[PDB]
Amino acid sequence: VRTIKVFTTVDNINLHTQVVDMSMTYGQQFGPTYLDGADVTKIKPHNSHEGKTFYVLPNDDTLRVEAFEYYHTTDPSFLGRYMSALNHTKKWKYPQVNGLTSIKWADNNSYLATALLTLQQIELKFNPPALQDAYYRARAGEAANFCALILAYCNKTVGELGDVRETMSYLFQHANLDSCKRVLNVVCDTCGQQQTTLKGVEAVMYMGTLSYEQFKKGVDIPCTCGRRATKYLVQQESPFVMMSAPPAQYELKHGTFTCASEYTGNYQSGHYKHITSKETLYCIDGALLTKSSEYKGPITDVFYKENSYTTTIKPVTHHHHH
């Protein structure tokens, strides 16, 4: 019997010494097994494998705890999905574009590029150590592990079409937003008013208008007493807000927003671009960069800086002048 020593892991930090029989596959001994993303389940150990680290699934109590502590998931397919994605994302390129880590287009990944660019411009701290560690590396230019984690957390495979709003939602669900608070009021014709308080992810996301200013002034909505009704922002406490809507032609004005995403083309037949407001408006499209003084396009998501906002207008005034 010929053997080699290898290490198994679920978090690539805590290692577990193993002695493997070179006459059996990794799968026969460990279950599903990966070497830096590559599936070696059906491969028998090589001499060159000695001392190397292999990912396995969290198939015993120790690994189950290590994987939960690192990733904050007990989804049994998570490690396989992460490794499957990493085998691709490690071959992607991550150019620095206008000082930010982007992603060269591959595998329908434009939604990931604009999400990654956005993260580098808003204040957001991740909760799972896995995302903390990988995002730090991404900021330094080595974003393969971070991108593979995004795929795994969002349950998207490489090549699958993704939505930026949904992707940000998943990332925010794995981020510390406990201090974020939103208070809204709805004026329902002359039938009454209703205030609502939102926290965390729900305090920083809105679907229906791209304009933060319009949300402060008021948006028209239905209520039980008709379509003469107005919803507006009373109070906001957060370091950013994200305003989203179905793609529509929209003008982005320098200095009035932080960054945005555009979706050109048709449904499930299109492409995302990133627009960032710096000294001028830069459009980052993967590895590509252009500039303009004004930008108009089919915008889907706009990000704004915030700290603390409180309205200085009474309900009836928003209802009648928004």
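Sequential numbering from 1, following the sequence displayed.
Discussion item. Quick check: 224-232 versus 143-151, which has the larger average CA B-factor in the record?
Written reply: Taking the mean B-factor of the alpha carbons in each, 224-232 is higher.
Worksheet entry | Mean C-alpha temperature factor, higher of 185-193 and 81-89 | Between 185-193 and 81-89, it is 185-193.
Item to complete: Sort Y295, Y55, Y272, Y70 by C-alpha B-factor from the entry and give me just the highest.
Response: If I rank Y295, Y55, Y272, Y70 by C-alpha B-factor, first place goes to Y295.
Worksheet item: Which of these, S261, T258, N266, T290, has its C-alpha atom at the highest B-factor, as the entry lists it?
Response: Checking the PDB record, the top C-alpha B-factor among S261, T258, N266, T290 is at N266.
Item to complete: Sorting the chain's modelled residues by C-alpha B-factor, tell me whether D21 ends up in the lowest, middle or highest third.
Response: Highest third - that is where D21 ends up once the chain's C-alpha B-factors are sorted.
Discussion item. Where does the C-alpha B-factor of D75 rank in its chain, lowest, middle or highest third?
Written reply: Ranked within chain, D75 CA B lands in the middle tercile.
Worksheet item: Going by the entry, which third of its chain does the Cα temperature factor of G218 land in?
Response: Answer is highest: the recorded C-alpha B-factor places it there.
Discussion item. Considering every modelled residue of the chain and its Cα B-factor in the PDB entry, is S179 in the lowest, middle or highest third?
Written reply: Highest third - that is where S179 ends up once the chain's C-alpha B-factors are sorted.
Worksheet item: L100's Cα B-factor: lowest, middle or highest third of the chain?
Response: According to the entry, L100 has a C-alpha B-factor in the chain's middle third.
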